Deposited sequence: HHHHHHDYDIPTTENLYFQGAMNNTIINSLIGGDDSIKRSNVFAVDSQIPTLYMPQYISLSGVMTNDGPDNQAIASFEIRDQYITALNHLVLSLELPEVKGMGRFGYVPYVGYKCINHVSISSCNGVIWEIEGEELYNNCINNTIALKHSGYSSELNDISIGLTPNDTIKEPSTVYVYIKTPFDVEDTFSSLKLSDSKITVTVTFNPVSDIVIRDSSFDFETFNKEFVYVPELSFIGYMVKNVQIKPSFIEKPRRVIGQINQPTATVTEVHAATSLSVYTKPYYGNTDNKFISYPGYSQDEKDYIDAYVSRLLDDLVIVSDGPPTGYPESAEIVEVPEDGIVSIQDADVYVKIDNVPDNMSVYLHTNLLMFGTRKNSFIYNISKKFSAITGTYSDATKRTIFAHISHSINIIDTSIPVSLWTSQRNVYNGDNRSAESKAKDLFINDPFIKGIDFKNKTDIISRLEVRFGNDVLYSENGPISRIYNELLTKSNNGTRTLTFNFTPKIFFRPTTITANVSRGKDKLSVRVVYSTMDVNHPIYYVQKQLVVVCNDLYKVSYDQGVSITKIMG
């Protein structure tokens, strides 16, 4: 019995090298999209990987409510490209980069995720500081990071250029109307610095490698189809939907800030609704539109709103004041005398205590049925032409606290991507059906295999180890016409009298193509056919 020794190893002497952390400042150029270019030319840098982008956010002064989106560093990136003299080596969109890093909690934390950055801070005077200057770090994960020095990008005596395109500053900022965003936008400038790990290698022996480069296709607005052409060697395919808020002003009622659970979203929304829902006043409350229906709460504390009973009990109400309930705070309906969507009927029990000192109701326990979709409705959709009612019956004070939100990486139709609006998915390679499903079993598989919490519907064709094998791909057959991937979905049917029915959707299809990387005459890549 010849036995393999599992208590000792014969240590290999590795290639002689020395690593170094290297920072570079960029050249910035500019609706004038901001672009940073970083030039890497150094004869003693043989390979590199682990790119990190530094961004200095400035001091924010003035009046209004201002905050940064979570993961602001990732969300300010529109596009990243690595090139040489022979053309582009590897590139990615900001959405797909953020997708690839969504499971790296450390990287997400470094890119800007804290109370200081992401709470909605309030400025009271034109000289009040709303945010202090800060620095975020964006880990640009590339295929050259999977196996450390084995997968690194070798600079075969070539000059490597890294180009970063930035999103407009309105994408990364949550603000109210009181904040002077025009001035802020005129003054804001991205200040980037690029870091990487370089390797000074002694007598490097270079071999050709393989690289996967994502390619992204967005369908037209509300179409259930998208197609990616010229597919010859794909390792994976993923499909998801994005909301198109272009038909709105991008104003929402609430945003939970640094708290990012579904419960947190719902709590912020309910908190914003309670100030206009239950009113303690001397006589009929004033300052609400004519369409508002404010009723007094009887001695039994129960108000009926057409099949719905709301239980209101407030402590310490003065003897000259009564408790009032808003029975149609937000209303939606497409036909005049049919079903109505009423945000007031989603409450069952409201208790609290009136404060004589601050003249407010401090709410204690609330029983309600608000979900994430309601927190995700845009304010424009409550008052669209299709609504036969006056949708928004809130006070002017609460109307003034709505927030502009322009986050570019939102999936689905809600902030959490919690509702699945795809009820059937079909993929075709050429004309034949490659995959079909009704439930999200492919998303279950993507999450199980990548150990992620925010998976998408994904067909993965590669199950081999990463760089020590050539990746397994679905291969084209141009003779039989199998050279394109077509995706058709069936959207989940929503009620025509729910405002979320009118959020516009786009289908996104991402394809990972296989490329050969060769190192004769500098660095170059060729698409595998």
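S.K.: Against the full deposited sequence, which stretches does the structure leave out?
M.R.: Since the structure holds only modelled residues, the stretches it omits are 1 to 36, 67 to 69, 569.
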